[PDB]
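Single chain ahead, written as structure tokens, the form deposited in one PDB entry.
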């Protein structure tokens, strides 16, 4: 397959509906060797099973709020892999009130700080910590959403954090590019994941995308997974600093009128 030999670390594989699961499944199909992170000792068994499904026993704890855990992740990974070819950042968080209702009602300094710390900062932070072991042709991928580009109801503080995240893709691409490393994002359409059980204006958004997207259907984690596998692969060696929409074309229309 087109990822034969590539060794890829995936964050954010929480359930079999996680975007990271679709990415994991596609990467495994195309021949990659995988390793996985988790947060909280209670998910250790679950992530261990997922890893074994993908022929892997490489699982490591990493709460990205913690500098020591970020450093320890790569120290641990390095005892198995002398080099890293891929990194999937599929991590996000904002306090409930900061992604519900009116943008200002949910705005506080702490809510802003946490959302940007976990959803934006953590991507280049992982990149920096991984750098000494990145292969020259490594590829780093993060996940964003159209709320970074345009105001979408309820997305609120997460829209700000995703905008910073997309900017980080561009600055990372420049920092790491002379070495040969690529950095991209996928702007994925709505998919019913665990994170989506935050606000269900989600049902409304899901219906709207199905009705108004050019393909008249919502995307799947298989479709996002395949796009992800592509970006992580040498097939995409000409592509960096890109935010690729995998959203049935929804971003490109004015819908609903």
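We call the rigid core the largest set of C-alpha positions that still match within 1.5 Å between the two forms. Residues that one form lacks are left out of the comparison. Numbering follows the first chain given and starts at 1.
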Check: 227 to 235 versus 27 to 35: which one carries the higher mean Cα B factor per the record?
Finding: 27 to 35
Checklist line | Greater mean Cα temperature factor according to the PDB record, 181 to 189 or 96 to 104 | finding: 96 to 104
Check: Per the PDB entry, which option out of 209, 64, 215, 196 has the greatest Cα B factor?
Finding: 196
Note to self: Ranking the modelled residues of this chain by C-alpha B-factor as given in the entry, is residue 257 in the lowest, middle or highest third?
What the structure shows: highest
Next item on the list: Using the B-factor values recorded in the entry, state whether the Cα atom of residue 153 falls in the lowest, middle or highest third among the modelled residues of its chain.
Entry: highest
Notebook entry, point to check: Sorting the chain's CA B-factors, does residue 10 end up in the lowest, middle or highest third?
Noted result: middle
Notebook entry, point to check: Hey, what third does residue 166 fall into on Cα B-factor, ranked over its chain?
Noted result: lowest
Check: Which third of the chain holds residue 246 when residues are ordered by C-alpha B factor: lowest, middle or highest?
Finding: lowest
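Absent from the display: the form deposited in another entry. The rest refers to it.
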Notebook entry, point to check: Among 221, 195, 70, 39, whose C-alpha is off by 2 Å or more between the shown form and the other one on a rigid-core fit?
Noted result: 195
Next item on the list: Since the C-alpha distance between residue 208 and residue 194 changes by 3 Å or more in the other form, give its direction relative to the shown form: closer or farther.
Entry: closer
Next item on the list: Look at the CA atoms of residue 194 and residue 203: state whether they lie closer or farther apart in the other form than in this form, given a difference of 3 Å or more.
Entry: closer
Margin query: Please list, in sequence order, every run of 3 or more consecutive shared residues whose CA atoms are displaced by 2 Å or more between the shown form and the other one on a core superposition.
Written below: 192 to 201
